[PDB]
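Inside the fold
One-letter residues, chain by chain:
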Amino acid sequence: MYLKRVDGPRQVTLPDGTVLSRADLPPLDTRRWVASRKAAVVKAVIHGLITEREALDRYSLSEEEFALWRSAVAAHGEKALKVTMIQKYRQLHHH
């Protein structure tokens with residue numbers, strides 16, 4: 001493939017204990033982006049379900065937008081840097 005290669009598993013696992021498949025991704029027509037829908041998208045990229053540029057592509061988003069998403073979901077727990085929270089900031093780039 002060239003440019004468009006969305007590699008990774010068909011379904012990834014969440015730290016929540018939930019399963020995030022490539023079918024679990026929120027609708028493309030949706031614009032009322034609630035927290036959980038934003039979470040689903042960002043977790044997908046983080047877990048390697050899809051790629052960041054694929055999310056921005058299909059949902060019609062900007063990178064600064066996705067920056068908000070990952071900051072509001074994955075790295076919003078900056079109350080205390082849990083031992084596992086460092087891993088967040090290791091894979092999450094630019095919070």
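About the cut-offs
Residues numbered from 1 in each chain as written, not as in the entry; some residues may be left out. Heavy atoms only, no water. Salt bridge = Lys/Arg side-chain N within 4 Å of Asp/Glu carboxyl O. Helix = DSSP H or I, 4+ residues; strand = E, 2+ residues; numbered from the N terminus. Buried < 20%, exposed > 50% of the residue type's maximum accessible area, 1.4 Å probe, protein only. Contact = heavy atoms within 4.5 Å.

This structure, assessed with the given rule, holds eight salt bridges. With a closest N to O distance of 3.6 Å, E54 and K4 form a salt bridge. Within this pair, whereas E54 is found in helix α2 (residues 52-58), its partner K4 is found in the segment before β1 (11-13), the two being separated by 50 residues in sequence. One salt bridge connects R5 with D7, and the closest N-O pair in it is separated by 2.7 Å. One network of salt bridges, in which partners are shared, links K4, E54, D57 and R58.

All right, on to the environment of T18 then. Considering the arrangement of structural elements, one finds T18 in the loop between β1 and β2 (19-21). For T18, a relative accessible area of 42% puts it in the partly exposed group. Here the alpha-carbon distance between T18 and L56, two residues 38 residues apart in the chain, equals 23 Å. Excluding residues that lie within four positions of it along the chain, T18 makes contacts with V12 and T13.

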